[PDB]
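Take a look at the structure below.
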Amino acid sequence: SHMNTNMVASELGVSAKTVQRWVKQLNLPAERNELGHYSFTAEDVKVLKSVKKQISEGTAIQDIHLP
Numbered sequence: 003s004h005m006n007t008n009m010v011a012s013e014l015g016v017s018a019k020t021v022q023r024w025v026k027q028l029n030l031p032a033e034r035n036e037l038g039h040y041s042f043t044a045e046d047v048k049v050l051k052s053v054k055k056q057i058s059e060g061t062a063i064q065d066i067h068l069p
């Protein structure tokens with residue numbers, strides 16, 4: 003009912019491994035879909051877009067602010 007890692011990566015314009023790096027580094031919650039794969043919601047996409055935006059602006063991973 004939601005979006006897997008490939009879908010998220012597609013909407014962000016990054017690779018799937020990049021999404022996985024951020025999710026784990028930033029201790030972000032991730033569910034599992036009907037196949038047991040990682041799954042994300044629209045909220046997650048927005049949060050990960052904020053991560054990408056902040057890194058792009060020069061913010062270090064540890065200085066990132068998340069809701």
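Taking the numbering used here as reference, the numbering of the sequence shown is continuous, increasing by one, and the terminal residue is 69.
No residue lacks a Cβ here, since even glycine has one placed at the ideal position from N, Cα and C.
| Helix, strand or coil: which one does DSSP assign to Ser41? | Taking the first residue of the sequence shown as 1, we reach residue 41 at position 39. Three-state result, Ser41: strand.
| message | With a threshold of 8 Å, are at least 3 pairs of Cβ atoms found where one atom belongs to the stretch 58–67 and the other to the stretch 33–45? | response | Too few Cβ pairs lie closer than 8 Å, so no.
| query | With 16 other CB atoms within 10 Å as the buried threshold, where does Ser17 fall? | reply | Indexing the sequence shown from 1 puts residue 17 at position 15. With fewer than 16 other Cβ atoms within 10 Å, it is exposed.
| By Cβ distance below 6 Å, which residues in the same chain neighbour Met5 in space, the five residues on each side in sequence not counted? | Residue 5 sits at position 3 when you count from the first residue of the sequence shown. The residues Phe42, in chain order, have a CB closer than 6 Å to that of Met5 in the same chain once the five nearest residues on each side in sequence are set aside.
| field | Counterpart residues of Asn8 in DSSP-defined beta bridges | value | Along the sequence shown, read from residue 1 onward, the residue named residue 8 stands at position 6. Note: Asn8 sits in no beta bridge, so no partner.
| Which whole runs of the alpha helix (DSSP H) in the stretch 42–69 are 4 residues long or more, in chain order? | Restricted to the stretch 42–69, the alpha helix (DSSP H) segments that are unbroken, complete and at least 4 residues in length are 44–58, listed in chain order.
| Does the Cβ-Cβ distance between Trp24 and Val53 come in under 8 Å? | The residue labelled residue 24 in the question sits at position 22 within the sequence shown. The residue labelled residue 53 in the question sits at position 51 within the sequence shown. With a cutoff of 8 Å on beta-carbon distance, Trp24 and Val53 are scored as near each other.
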